[PDB]
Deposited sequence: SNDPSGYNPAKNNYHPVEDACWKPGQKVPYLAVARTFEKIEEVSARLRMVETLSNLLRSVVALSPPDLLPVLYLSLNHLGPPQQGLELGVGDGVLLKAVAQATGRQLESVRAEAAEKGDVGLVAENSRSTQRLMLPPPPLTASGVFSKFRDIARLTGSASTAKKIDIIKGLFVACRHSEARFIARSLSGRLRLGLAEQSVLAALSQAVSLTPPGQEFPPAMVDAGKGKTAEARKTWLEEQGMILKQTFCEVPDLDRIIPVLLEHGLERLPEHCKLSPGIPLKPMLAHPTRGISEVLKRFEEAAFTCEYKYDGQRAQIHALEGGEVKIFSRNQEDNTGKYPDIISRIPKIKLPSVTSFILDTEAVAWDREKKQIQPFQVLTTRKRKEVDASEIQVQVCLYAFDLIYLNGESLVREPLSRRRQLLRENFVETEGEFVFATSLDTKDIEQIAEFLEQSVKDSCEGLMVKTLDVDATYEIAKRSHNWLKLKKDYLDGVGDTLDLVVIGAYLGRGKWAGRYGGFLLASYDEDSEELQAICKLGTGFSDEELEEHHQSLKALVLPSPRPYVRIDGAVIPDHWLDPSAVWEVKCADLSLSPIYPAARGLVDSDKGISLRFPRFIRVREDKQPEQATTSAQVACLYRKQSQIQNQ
């Protein structure tokens, strides 16, 4: 209706027609989306965020149904279905250059302000064409992603500058955040799905305008309304988990409604699905708690990458990553061995496996780092140098039957009976069915001796299905580095700090750490650190370290190719840091030359544990000790 500047989607008793800031048939203004984002970031209760987004979506459904799909993508900061692999090719680098040119400022002034403010959007905002539309912005995002080849970056920057030129009010803030891949509203995929099912439930699509039914919940008690919306939410959520593709779902949702959705969109080979995830567990006793009276199995947790393998009726094979990226082209070796792993009675399947690097000469697992050296796309079978062994642990679909609602006890049995193991090519995950604490503890220890991270734990019959909408983190993961007093901890020196973002703007969000090389009496950067501290600890760090800020680095500190810290720090603080493994680093100088001529050592999954108030830098972990820790990984 009126100026989108005053649009209030957090309004109590929000009316999808009377409270919209645009007219029926009008394109949804982008400022309407931005104002919704603003009202979402103002609150901390997710349910209030969902309500606010639901209000916007109800207006879109009632007034401008063609804009529902772009509005949803803008709210997710997605470009399209993940298996299509669309990429902006735009990060803070390209974006800050576009802002500098748009605002006519020096790139270094923009870069410094962005770091101080903790957000690129704030610089673009505080620094004539028609108003932007939601579908117009989304299409320009897609134009950026389709630009390739030489001189393509300059063309991307041209589009970004044109967007910023047309921005009003808060629009530039959220364009910049979206382009940088850091929307971070506090509302993401789960809340967007909750808002969508609520929106189409309360304001059914496909009504003749003006819609006779703008609030289908008004005739229900609060109790009945909540039960109804929860059921509708599960329909949408479970369908999406099986078909996480809005290009497919939304046209069906608009035409046939949410109740008929499962009839049109069903799990099928060749369409990636969401994978089942795992919740961390701190000890074997904790496991026995959450699985008190439910039989469960323990499996080795292999150190590779997830490979969801689809065999379609007719013989076509597709492979997808855990985030639904198409990996078919990177695994020609897997595609060729499918006839060898499945019995001839199998006509279609979806397998859940871990692809692990495998040394055929030595017949043993290789580290994850080796696996990542494989090529990623347009790979021909003859050129493969790092061989892969598949460790299969689940079966989601078989001979036309979805197993999503079947217990693991049955899925595992169909897996074990219809597929064939070959050493070093296709194996079932090593497993143990027991409830004895002593056998589990020995099994955990043996998993690490056999080159694995620890154990996966899964119920066999109680809440043991593959229904992600019911619970996405339905499995438990028990890694040895979760256990207190177990795993590698290091005492490292804080040599630099990185300015924080969003909530921590003006404070520190990360730090640069170093080990002490006795042979050269130098502090060598080993890794950055940005997790493990409580909010109180991170605030105290910002306080205690202010007295250490240096204008210039000490001459005995070496960081080589590490990211230069925003603030150098006088080497003094020593922190205890835990990691899962030590890796061979091309960038960090710590211990460079002690295990490899050109590469130093860094930490895998580093996290802060506590301050070592009783240690000075000269008693910190030495580069020689780092090298020793790396070697003992064998």
Exercise for the section: Walk along the deposited sequence from position 1 and note every stretch that has no C-alpha coordinates. Expected result: 128 to 135, 643 to 647
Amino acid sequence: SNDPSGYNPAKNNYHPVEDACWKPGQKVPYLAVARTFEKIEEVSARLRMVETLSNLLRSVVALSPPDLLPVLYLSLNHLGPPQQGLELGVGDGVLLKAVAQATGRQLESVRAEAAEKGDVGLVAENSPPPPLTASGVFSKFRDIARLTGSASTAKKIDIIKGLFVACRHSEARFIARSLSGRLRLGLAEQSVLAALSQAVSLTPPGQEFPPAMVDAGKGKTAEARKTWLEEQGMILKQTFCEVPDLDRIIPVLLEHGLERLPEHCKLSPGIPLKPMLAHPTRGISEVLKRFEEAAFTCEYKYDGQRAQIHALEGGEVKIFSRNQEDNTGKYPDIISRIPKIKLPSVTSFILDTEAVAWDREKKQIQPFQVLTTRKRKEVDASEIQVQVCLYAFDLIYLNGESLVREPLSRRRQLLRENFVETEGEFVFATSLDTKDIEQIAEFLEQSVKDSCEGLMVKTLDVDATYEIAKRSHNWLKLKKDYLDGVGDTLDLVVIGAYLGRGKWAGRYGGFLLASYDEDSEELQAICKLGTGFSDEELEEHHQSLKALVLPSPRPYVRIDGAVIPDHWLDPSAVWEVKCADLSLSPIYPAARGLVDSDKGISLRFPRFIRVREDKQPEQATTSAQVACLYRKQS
From here on, numbers count along this sequence of modelled residues.
Exercise for the section: Compare the mean C-alpha B-factor of 360 to 368 with that of 233 to 241 as given in the PDB entry, and name the stretch with the higher value. Expected result: 360 to 368
Fill in the blank from the handout: The stretch carrying the higher mean Cα B factor in the deposited entry, 337 to 345 or 516 to 524, is 516 to 524
Handout entry: Residue of maximum C-alpha B factor among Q324, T221, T133, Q190, per deposited coordinates
Key = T221
Problem - Residue with maximal Cα B-factor (values as given in the PDB entry) among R225, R416, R376, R177 - result: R376
Practice task
Quick one: classify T622 as lowest, middle or highest third of the chain based on its Cα B-factor.
Solution key: middle
Exercise for the section: Would you mind ranking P70 by its C-alpha B-factor against the rest of the chain and naming the third, lowest, middle or highest? Expected result: lowest
Problem - Chain thirds of CA B-factor: placement of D436 - result: highest
Problem - CA B-factor placement of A311, once the chain's modelled residues are sorted into thirds - result: lowest
Fill in the blank from the handout: By the entry's values, the third containing the CA B factor of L569 is the highest
